[PDB]
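Heads up, the thing below is written out as C-alpha cells.
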Amino acid sequence: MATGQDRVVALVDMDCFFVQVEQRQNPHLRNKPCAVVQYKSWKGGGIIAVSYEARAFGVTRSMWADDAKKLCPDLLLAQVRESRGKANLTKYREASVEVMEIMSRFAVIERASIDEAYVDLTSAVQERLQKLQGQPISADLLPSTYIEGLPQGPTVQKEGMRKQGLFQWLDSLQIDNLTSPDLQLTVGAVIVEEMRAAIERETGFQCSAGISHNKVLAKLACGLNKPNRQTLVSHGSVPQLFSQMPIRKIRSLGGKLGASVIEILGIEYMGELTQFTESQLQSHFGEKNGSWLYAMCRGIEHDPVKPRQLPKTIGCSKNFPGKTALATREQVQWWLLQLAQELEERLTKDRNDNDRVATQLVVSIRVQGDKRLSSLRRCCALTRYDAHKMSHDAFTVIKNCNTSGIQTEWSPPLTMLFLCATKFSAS
DNA sequence: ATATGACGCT
DNA sequence: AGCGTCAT
Ligand SMILES: Nc1ccn([C@H]2C[C@H](O)[C@@H](COP(=O)(O)NP(=O)(O)OP(=O)(O)O)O2)c(=O)n1
Ligand SMILES: [Mg+2]
Ligand SMILES: [Mg+2]
C-alpha cells in the first residue's frame, strides 16, 4: 500500500455562486433569502442558485420561482440576463475568471466547473515546509478549518467543536518530521486559508475548500462544512468517515454505476467495499472500475490535477420543450443563427484572450420524444468565426434529419439545438 | 417544462 | 466519428 498520501490536493468551490455574483452587484440582496432564476415567463422562472438564508426555508435548484415563494414568501430574485432570446451567462463566466486568476497565483489549478477548481499543493507545501524552519503551526493560521473526525474522546456550539478538533490535531502534530502526510495537509490547509482570504479580499466572494490527498477526498471534504469554511480530511479519518458515507456521495458514483454497486453488492456505504478483492470488483464492474473502487474505498485515488484553466469546448444550447418545439425550416435556421451569434462573440473573445482557435463545429439536436440529452450529433469544419457561416453549415449537416416531405415544415419538431466549438489549437 | 462542460466506450 | 455517462 502507498497509502495514497503522496500529494496534497484541494478543491475550492464558491458558495451559492451565481447568488453571490448578483449580491455583490446589488447590495440590496445581501444577507437575505434570494435565488437566481432563469426565464420569468413560466412560473416565475426556474431556480438555478439559492442563498443559504433561502435554503433554510427549503428552496432548491429545480424549482419554479412561484413555488419557492410559497415556502419563502419574502424571497428576493435576480434573473439571468437574456439575449438573442436565450439565457446569457457572461456575468458568471467573468466572475469565474476573477476567481480562477487568483487561485492560479498560488498553484497549478484544474478548472472543474464555472465555480470550482482543483489545486495540487504538493510543491507549495514542500517549499513552505523549508522556509518555516521547524516553527510550530499556530491555530491562528487556521481560523476557518475543520479537521474531519476531531474532536474525539476527552462547549456545544459549532465554533467550539471546530476549535477543539483543531487543537487536538495541532497538539498531536508531528512537526520535526517533514515527510509526515498529516503535517503536509496542515501546511496545505494554511495555504488554502490564504488563498481563500485572497479570493474574498479581491472579489468579495466567499467559498469553501476541501484539503486531502486526492481529488475525490478533497471534493467530499469541501462539502462537509459549507458555507465559508474549509475541511481537512486526513488519511486516518477515512475509515470512520466512509463507514457511513453513502456510496452515491463519492464523485463518479452519483449515477448508474453507483446504483449498480449498491444493487449488485448489496451494500449502502463506502466502507463496505473494503471487504471485496480487487478481482471480485473487476468481475462486477470491469478492470478500471474495480481497480478504482478497490483503491478509493481505502481513500486512495491517483487521478491527477490537470494543468488546465481553459475549457476544451465552447458551446450554446436551447431547449424548445413541448408545444414550443421547432417545426418550420424558418424556426430552425433562425435559432441556429441566434446560437451561432453568441458563439461567435464568445469565440472572438476567447481567441483574443487565449491565443487559440477552435477548428471543428459540433451540431447537436434533440427530437420530440427521444429519451434524453442529445438525439443526434454531427460535425463540420469551423474555419471562420462567422455566425452566418456557422449557422448555414450547422443546418446543412442536419437538414437530412427532417422526415417532413413538405418543404417548409420540420418533423419531428426539434426540442433542442446545441452548437459547440471544439478541437482548439494554438494561434 | 425547470444551460453548460469533461470524458469514456466503441 | 458518434453515442452515453457524470457533473455543476
Ligand atoms: N445543476 C446546476 C448546478 C450549478 N449551476 C450553476 C449555479 C451555481 O451557483 C453554480 C455553482 O454550482 P454549485 O457549486 O453546484 N452550487 P452553488 O455554488 O450555487 O452552491 P454551493 O456550492 O454553495 O452549494 O453553477 C447551474 O446552473 N446548474
Ligand atoms: Mg458552489
Ligand atoms: Mg460547484
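Each value in this text was obtained by applying a stated rule to the coordinates, not by laboratory testing. Cβ atoms come from the backbone with ideal geometry, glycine included; neighbour counts cover every protein chain shown.
Some points to look at:
- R0 of 60 Å, Cβ-Cβ distance A:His388-A:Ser180: FRET efficiency to nearest 0.05: 0.45
- Mean-position separation - Cα centroids, segment A:215-250 and segment A:45-102, in angstrom: 26
- Taking segment A:305-427 and dividing mean pair separation by its residue count, relative contact order in percent (alpha carbons under 8 Å, at least six apart): 43
- Within chain A, percent of DSSP bridges classed antiparallel, to nearest 5: 80
- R0 of 45 Å, Cβ-Cβ distance A:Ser279-A:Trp334: FRET efficiency to nearest 0.05: 0.20
- Normalised contact order of segment A:16-85, rounded percent, pairs of Cα under 8 Å and 6 or more residues apart: 32
- Inter-label distance, A:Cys379 to A:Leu141: 5.0 nm, where each label sits 7 Å from its Cα along the C-beta direction.
- In segment A:85-130, a dipole from Cβ-located charges (positive for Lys and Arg, negative for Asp and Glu) runs towards its positive end, and of A:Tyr92, A:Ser113, A:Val125 it is A:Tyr92 whose Cα lies farthest in that direction.
- Note on chain A: dipole from Cβ charges, positive end direction compared against A:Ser237, A:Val363, A:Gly286; the farthest Cα belongs to A:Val363.
- Listed by chain and number, the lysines whose alpha-carbon sits under 17 Å from that of A:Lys69, ignoring those within fewer than 8 places in the same chain, are A:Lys32, A:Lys40, A:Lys43.
- Of all DSSP bridge pairs formed entirely within segment A:16-85, close to 55 percent run antiparallel.
- Cβ crowding within 10 Å, taken as a proxy for footprinting-reagent exposure, orders A:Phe18, A:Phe418 from fewest neighbours to most as A:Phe418, A:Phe18.
- Prolate/oblate/rounded label for segment A:247-304 (Cα gyration tensor, a/c 1.5): rounded
- Student exercise, chain A dipole from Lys, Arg, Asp, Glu Cβ charges, in Debye to nearest 20: 1440
- Per-residue packing, averaged as other Cβ atoms within 10 Å, sorts the ranges A:55-67, A:211-223 into the order A:211-223, A:55-67, beginning with the highest.
- Between A:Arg105 and A:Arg128, full extension at 0.36 nm per residue minus the direct alpha carbon distance yields a gain of 6.8 nm.
- The alpha-carbon of A:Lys219 sits under 18 angstrom from the alpha-carbons of these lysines, leaving out residues fewer than 8 places away in its chain: A:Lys249, A:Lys306.
- Helix content alone sets the calculated 222 nm mean residue ellipticity of chain A: runs of n ≥ 4 DSSP H residues at -39500 (n - 2.57) each, divided across all residues, give -11500 deg cm²/dmol.
- In this simple spin-label approximation, A:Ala56 and A:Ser425 carry label points 7 Å from Cα along the Cα→Cβ vector, and these lie 5.5 nm apart.
- Per-residue 3J(HN,Hα) values for segment A:368-375, derived from phi via the Karplus relation 6.51 cos²θ - 1.76 cosθ + 1.60 with θ = phi - 60°, read 5, x, 2, 4, 8, 2, 10, 9 Hz in sequence order (x marks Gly and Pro).
- Dipole-positive endmost among A:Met63, A:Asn26, A:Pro73 within segment A:16-85 (Cβ charges, Cα centre): A:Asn26
- In Hz, Karplus ³J(HN,Hα) per residue of segment A:34-47 (6.51, -1.76, 1.60; θ = phi - 60°; x = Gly, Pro): 8, 9, 9, 9, 10, 6, 4, 3, 10, 6, x, x, x, 7
- Normalised convex hull volume, segment A:44-130, alpha-carbon set, Å³ per residue: 131
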